[PDB]
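[1] Please work out how this folds:
(chains A and B, ligands or ions: 1)
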Amino acid sequence: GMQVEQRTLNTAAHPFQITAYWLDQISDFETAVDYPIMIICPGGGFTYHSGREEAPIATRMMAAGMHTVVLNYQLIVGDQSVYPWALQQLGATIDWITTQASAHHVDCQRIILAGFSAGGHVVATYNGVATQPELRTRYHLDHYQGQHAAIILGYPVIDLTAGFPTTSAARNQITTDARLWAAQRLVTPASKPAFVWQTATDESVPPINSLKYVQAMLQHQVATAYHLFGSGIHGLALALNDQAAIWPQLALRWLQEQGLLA
Amino acid sequence: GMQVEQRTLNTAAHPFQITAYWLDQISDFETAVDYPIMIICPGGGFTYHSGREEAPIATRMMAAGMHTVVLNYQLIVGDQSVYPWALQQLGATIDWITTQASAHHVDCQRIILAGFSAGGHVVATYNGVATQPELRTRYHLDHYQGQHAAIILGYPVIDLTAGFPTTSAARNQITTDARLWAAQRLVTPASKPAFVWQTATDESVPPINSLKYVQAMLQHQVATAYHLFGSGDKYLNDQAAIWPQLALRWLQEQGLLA
Ligand SMILES: [Cl-]
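    Residues are numbered from 1 along each chain as shown, chains lettered A, B, ... in the order given. What follows is the structure:
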């Protein structure tokens, strides 16, 4: 069982919506077991918030014994830019989770960020910025509590010059802050570990994006797994076990290896 | 059941050893089967031929229904170069397999090359050279019959300037033919499909080697997959059990197996 909580949060005068899915305890009368938590930054190419792939992933991750929160980060809608706002909102969401840690029994040493497509850009960029003191200051992230332990990236947008979006006017709408264009360029040995996956045949998000982030992580010897699946079927929305999608099985095992999951 | 055959073969005045592991036919009421075959180019940094990881891998793969041959390609031993000799030996080994195909029931439309570390350089370079008639001529492969359908690469050496060897004298010893240094640069749409992987327990070069090959394959629209579990034991044991499942699935997706 789970409790669903919808909220509208606000930071930096850019309100945003989240849904929390709080996993129930085995008993209300037992000493609490603090569960890890995954914060999901959806896809949607910075114009919408994808749910199609994200909802099944949330379900699967929870069945493994985790809480999940979906973060509907700033979009370009209504002639806005995404940054720096999305980074502040992700920071504010992590902070909010910490404030809920006793109420819903959240292990705040085991906060995992997961980003898909455009959300992958937000997460990957966060992973860089939030782990460098100078950049936290610059993007005002030192106002927030809590930190992530690791990230998961599925078909992430990583470099806004690498094919998505298709035009420079679109890139500059997302942000004119060129420092945030290329998330791989913000990787340092301080970046938290990452599990990255994509399909080789991806015609929506150019695969060069994940190759770029993985290169940089490996260059700085950050703990990293990367799975580029041969067939597009492995990237389809969810419904080794031959009867279930491969990638969640790999990600879960990786989280176990990283000490982030029982 | 299998039969083991040891041979010392010779091409280009550079002898080389192979061992072939020929899967037995079963007497049954299933239709005749010619089995695929995997040719293993071992690791060993061009100074030895590794068996420690290769042996159980050969064993796992044969259990999926394939023959295997192990090719002890040219090393730098005795003040020698690796190339072009290793490519010619691999070509010769494939030719040899075609001549043995009726005797052992080998599906020569399903020859799979598997290269580990330094042997990954041989296999990756071969996938590029042997699929281009002009480079076939240049490296005297025009002479040999048979062609591989796909390759597997474990933790491969791909670009002899991307970390290993650590010295120019070393690189030159492997080969002074700089066209052969960077296998990714020889990828074309004619290159065969490639499955690449590495587990955390694997000791090899920086994985940017693998990434560079895989990107080249993507750029030329050749089927490829890449499974990096980590770069550097219940969990490590498990990775060893998991990657072959992915390899075998991929081989099935490619029509190369069951
Ligand atoms: Cl959607």
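[2] Check which helices and strands the longest helix along chain A sits against.
    Longest helix of chain A, by residue count under DSSP state H: helix A:85-99. Where contact means 3 or more Cβ pairs under 8 Å, 6 or more residues apart in numbering or on different chains; DSSP states H and E, helix A:85-99 is packed against strand A:2-9, strand A:16-23, strand A:35-41, strand A:67-72, strand A:106-116, helix A:117-129. Using the backbone N, CA and C atoms, a C-beta is placed for each residue, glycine as well.
[3] let's go with 7 Å and repeat that
    strand A:2-9, strand A:35-41, strand A:67-72, strand A:106-116, helix A:117-129 (3 or more Cβ pairs under 7 Å, 6 or more residues apart in numbering or on different chains; DSSP states H and E).
[4] Compute the first-to-last residue distance for stretch A:157-168.
    In terms of Cα to Cα, to the nearest Å, the two terminal residues of stretch A:157-168 are separated by 15 Å.
[5] so who does residue A:237 touch?
    By Cβ atoms under 7 Å, 6 or more residues apart in numbering or on different chains, the residues touching residue A:237 are A:52-53, A:56.
[6] how does it look with 10 Å?
    Applying Cβ atoms under 10 Å, 6 or more residues apart in numbering or on different chains, we find residue A:237 in contact with A:50-57, A:245.
[7] again, but for residue A:110
    Here residue A:110 is in contact with A:34-38, A:66-67, A:148-150, A:255, A:258-262 (criterion: Cβ under 10 Å, 6+ apart).
[8] now do residue A:31
    A:25, A:105.
[9] For the ion, see how far away it is.
    40 Å (Cβ to the ion, to the nearest Å).
[10] returning to that earlier point: of the contacts of residue A:110, keep whichever come out buried.
    A:34-38, A:66-67, A:148-150, A:255, A:258, A:260-261 (16 or more other Cβ atoms under 10 Å in any protein chain shown).
[11] re earlier: filter the contacts of residue A:110 down to the ones near chain B?
    residue A:258 (Cβ under 10 Å from any Cβ of the partner chain).
[12] re earlier: buried residues, the longest helix of chain A. List them.
    A:85-98.
[13] what's the answer for stretch A:239-252, then?
    Quick answer for stretch A:239-252 (16+ other Cβ under 10 Å): A:245-248, A:250-252.
[14] Give me the nearest residue to the residue in the stretch 1-150 of chain A positioned nearest to chain B, chain neighbours excluded.
    Of all residues in the stretch 1-150 of chain A, residue A:150 sits closest to chain B, at 13.0 Å by Cβ to the nearest Cβ. Counting by Cβ to Cβ, 6 or more residues apart in numbering or on different chains, residue A:150 lies nearest to residue A:193, which is 4.7 Å off, once chain neighbours are set aside.
[15] Give me the phi and psi for that neighbour.
    phi -60, psi 150 (degrees, to the nearest 10).
[16] Count the residues that sit near residue A:142.
    12 (other Cβ atoms under 10 Å in any protein chain shown).
[17] What of the one 5 residues further on?
    Here the neighbour count serves as a burial measure; for residue A:147 (other Cβ under 10 Å) it reads 15.
[18] same thing with residue A:232?
    Neighbours around residue A:232, by other Cβ under 10 Å: 12.
[19] Can you tell me the closest non-neighbouring residue to it?
    Closest to residue A:232 by Cβ to Cβ, 6+ apart is residue A:201, at 4.5 Å.
[20] sorry, back to before: so what secondary structure elements neighbour the following helix or strand past the longest helix of chain A?
    Next helix or strand after helix A:85-99 toward the C-terminus (DSSP states H and E): helix A:101-104. For helix A:101-104, the packing partners by 3 or more Cβ pairs under 10 Å, 6 or more residues apart in numbering or on different chains; DSSP states H and E come out as strand A:2-9, strand A:16-23, strand A:35-41, strand A:106-116.
[21] Tell me what angle the third one forms with helix A:85-99.
    It refers to strand A:35-41. Interaxial angle of strand A:35-41 relative to helix A:85-99 (axes from the mean of the first three to the mean of the last three Cα atoms, to 10 degrees): 160 degrees.
[22] same check, this time on the first one
    In this structure, strand A:2-9 runs at an angle of 130 degrees to helix A:85-99, with the same axes, to 10 degrees as the basis.
[23] Pull out the buried positions in strand A:2-9.
    Result for strand A:2-9 [16+ other Cβ under 10 Å]: no buried residues.
[24] One more: the last one?
    Of the residues in strand A:106-116, those scored as buried under the neighbour-count criterion (16+ other Cβ under 10 Å) are A:106-108, A:110-116.
[25] Could you do the second one as well?
    Within strand A:16-23, the residues that qualify as buried are A:16, A:18, A:20-23, counting by 16+ other Cβ under 10 Å.
[26] Ramachandran coordinates for residue A:260?
    phi -110, psi -10.
[27] just residue A:180 next, same as before
    Dihedral angles (degrees, to the nearest 10) for residue A:180: phi -100, psi 0.
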